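Two forms of the same protein chain are encoded below as structure tokens; each is given separately, as structure 1 and structure 2.
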Structure 1
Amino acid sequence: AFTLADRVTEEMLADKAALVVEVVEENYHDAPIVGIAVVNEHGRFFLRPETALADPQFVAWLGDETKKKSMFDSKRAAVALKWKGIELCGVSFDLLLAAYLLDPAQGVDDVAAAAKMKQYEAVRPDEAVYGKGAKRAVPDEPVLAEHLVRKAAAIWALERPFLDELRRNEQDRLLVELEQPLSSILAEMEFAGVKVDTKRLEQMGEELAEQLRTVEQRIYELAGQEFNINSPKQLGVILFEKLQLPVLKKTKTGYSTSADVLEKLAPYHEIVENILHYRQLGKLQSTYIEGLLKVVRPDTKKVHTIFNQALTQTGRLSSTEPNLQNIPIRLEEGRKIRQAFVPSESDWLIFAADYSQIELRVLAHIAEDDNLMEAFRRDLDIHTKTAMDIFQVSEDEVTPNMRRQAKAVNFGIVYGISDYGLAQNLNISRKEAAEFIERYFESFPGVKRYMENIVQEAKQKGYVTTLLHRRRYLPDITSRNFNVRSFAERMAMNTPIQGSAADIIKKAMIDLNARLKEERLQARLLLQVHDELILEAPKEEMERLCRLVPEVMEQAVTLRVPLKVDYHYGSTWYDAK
């Protein structure tokens, strides 16, 4: 029983309400709002969008911070309303973020999955209403209106039990002071978008398509035959059958053609180096040139990513359409793709600030390892210092290969450390990789104590927590399968580190957003990628940002070691180095 309203009435504008602003298109940027539902003390309402959104009283209510709304995934609605020039304020409860904080492993992606966490099943999953894939379609108004009102009624009913459990978990402030404020900041970042120099991308695409046409022909000559180089199946026939190259590794369904395997194969035939060259070129051309060009809005030449705030098990943000968190940086030929990301206005510049080794600094603090804390208090090169201890040599005796192996141990130490992964990344034996680990724990006994203690805490409590009380349940920590249990143990060690770094970055974003407004700067956040914050700002604001941004980031939280921030700026994302 609900009201299919033809007009906005005063009772729909109570100062507390569950609100549903339904955007069915997966990418909500400039997307239709197919319907609105309001549940409050006075009843349940369905409002047609081309009525409420043209009603001054409803729009005023949407934008009044004092009128509190409970929603699911408020950022989706916030952004769709931004594209209509409408401001959404007063969202005091986001059931999506609440369910994500209560248990990220649930993969709660719609109201029904979250309600099922609390034995509430009077709401259908979105996929049952809209179908999936080709069959996906908005249903007739009666069916649509019933779904939206059931979702709003579930949100209405679910706020208290979710807030109660968040409070029992000591996560009430995590939701209200971190994730929900961050949702608004992310909505502004997505809406602003990042300007793309498409002519430069097009220029790069033409060039890659040229080098590809060359390497391709060369491969057809070394193979004495034509074939689809991009088919791992076909390529395996040319390599491990026609050319008789050794089979060093075998995927689950045949021969592996990983760059890992091919590297070891290069000595046997000149084709291998070209196939490797062809694959990097092909990866750039198809994923980063053509892929980026597909998602650039032709009206504004901006990409408007979507930050997924309730996806990872660590609390890190994820990004889609495009995923800007893997634009090439390692290789120079692929690093130049960042030259296409420019300021959205003339005489503006890109400013980029990144935490320096925040994960290892977080580890130092959490493990209270004297050796690790002292290394950062002296602002040492951590990889070089790690090599000095592991190999018991002075700084002058550290060779480039020793530092490379110390760096791999550090990369592993923060991601669990397994032996097979270290041995794999270092192309060494497990016993040798095991020897590296034990030398490391000899040098960093507090890290070893932390790794043992956090595993035991994961087993006793059933979860691990981050600095700001994000938790991750680890049910497989007791499993009797060595592999399933090993992964759970490594997530026990890694999650407090990665998740705490994620907490710090999110808090810095909130602190930076407040400071920029305090200082009345025009600078604005565009992207959070990994441990970096990217802003654009007028060139006249660069000197102030050079002091402001690192200070806010370095003060986001107080650890037992300093937080270091490297920052650069330039006319492009590339040049902000």
Structure 2
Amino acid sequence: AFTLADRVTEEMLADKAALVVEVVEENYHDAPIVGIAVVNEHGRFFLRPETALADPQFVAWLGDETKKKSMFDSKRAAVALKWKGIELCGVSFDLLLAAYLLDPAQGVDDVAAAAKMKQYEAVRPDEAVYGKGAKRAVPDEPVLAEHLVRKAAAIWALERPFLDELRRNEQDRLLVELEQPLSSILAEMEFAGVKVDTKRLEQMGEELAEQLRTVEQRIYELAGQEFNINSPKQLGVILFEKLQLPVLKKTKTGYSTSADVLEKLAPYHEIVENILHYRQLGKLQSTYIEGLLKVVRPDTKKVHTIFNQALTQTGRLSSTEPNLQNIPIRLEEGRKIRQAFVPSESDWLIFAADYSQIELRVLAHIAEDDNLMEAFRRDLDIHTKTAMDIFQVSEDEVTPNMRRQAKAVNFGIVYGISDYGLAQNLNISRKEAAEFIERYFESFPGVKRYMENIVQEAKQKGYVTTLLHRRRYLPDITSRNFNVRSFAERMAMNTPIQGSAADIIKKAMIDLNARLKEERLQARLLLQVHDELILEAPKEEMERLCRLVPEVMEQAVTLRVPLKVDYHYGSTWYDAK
């Protein structure tokens, strides 16, 4: 029972409403709005967007921060409206973000999935209404309107139960003061986009094409035959049947040709180093050059990423189209791809600031490890210090390989890799990897106690938490399957570290955005990837940003150790180093 409205009425513009502004295209940048639903104290309404979005009263209502709206994935609507020149304000509850906080492992894709968390089933999944893949389509208006009204009615009914559970979890401020404000900031970042030097990218592609053509010819000569080097199956036949190289590792289907396996084969045949070079050149070309050019909008000459704020179980952001976090960080030629990301206006520059070792600093804080805290209080090189402690040697006795091994132990902590993974990364035995870890724990006994205590807490409570009260449930922590249990244990250890770093970065973004407005700077946030925040600003704002940005980031939270920020500016993202 709802009103299919042909005009906007005052009844539709109440102080509080559930609002659905439906964008069916997966990528919502400059995408159609196919329909609108409003549920409030006065009734339930379906509005056609060509009418409502042309109505000055409805547009004023949308932009009025005192008119409160409950939505699901408000950033999607906010950005689609930005492309139409319409501001969305007053979103006081986002059911997507609420469900994400309550349990990020549920994978809540749509209103129906969130509704099922509270035994509400009077709404269909989006996939059931719009179909999948090739058959995907907007249905006729009667079907569309009922769906959008059912989604709005679900939001209207679910706000209270969700807020009640968030309050019980001490997550209500996490939603209202962190994730929801961040959603608006992300919306602005996505809409602003990042300018891309497509001429430079095409230049890079041309250079890669030349080098690829030469290595490919080298491989055919060495193989005595032409084949598709990009086919693992064809390559396996050349390597393991034609050239009779050893089979050191299998796949489920045939022989593995992974880079790990190939490096082990390099001493036996000159073709192997060439295949490795082809693979590295080819992934830069196909994935990062051509992949980037594919998602540059020809109308803006910018990339307009979509952040997924409700995906990871740590609380880190993710992004797509492009995913700029997946650009390799190793200089070689991977990092140079950042040269293609330039300021959007003449006489502007890129300003980039990154937290230095925020994850290990968070660990020092949470574990209250005296040795690790003092190391950061002295602003030591943490990998050199870790090697000094593990090997019981003075700083001048730390060899490069000692530091490399200490760094791998620290990497293992930051990313939650097992002793098998440490052994894999260091190319040592599992017993030797285990012995390394015990030596580490002798030097950092507070870290060891934390690791023991957090696994026990996960077993007792069923979940672990971050500094700002994000939760991750770990039902597998007592699995009788060793691999499943071990993974759960590593996530118990790692999520309070990685997730607290994510919390701090998100708070820094909110604080930064507010400070930039308060200072009346034109500088704007563009991207957040890894532990870095990337802005662009007039060149005349750089000196001010050199003081302001690190200060805001260092002060986002107060820990038992300082937060350290590195910062640079330049004519491209790469040169902001």
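Residues that one form lacks are left out of the comparison. Numbers follow structure 1, counted from its first residue as 1. Rigid core here is just the name for the largest C-alpha set that superposes within 1.5 Å across the two forms.
Here the rigid core is superposed between structures 1 and 2, and of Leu360, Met71, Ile275, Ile417 the C-alpha of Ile417 is the only one to shift by 2 Å or more. Core-aligned CA deviation for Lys252 between structures 1 and 2: 2 Å or greater. Relative to the superposed core, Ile337 moves its CA by 1.0 Å between structures 1 and 2.
Summarising the core-aligned comparison between structures 1 and 2, the C-alpha atom of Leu525 is found to shift 0.3 Å. In this core-based overlay, residues 251 to 254, 414 to 417 form runs of three or more whose Cα positions differ by 2 Å or more between structures 1 and 2.
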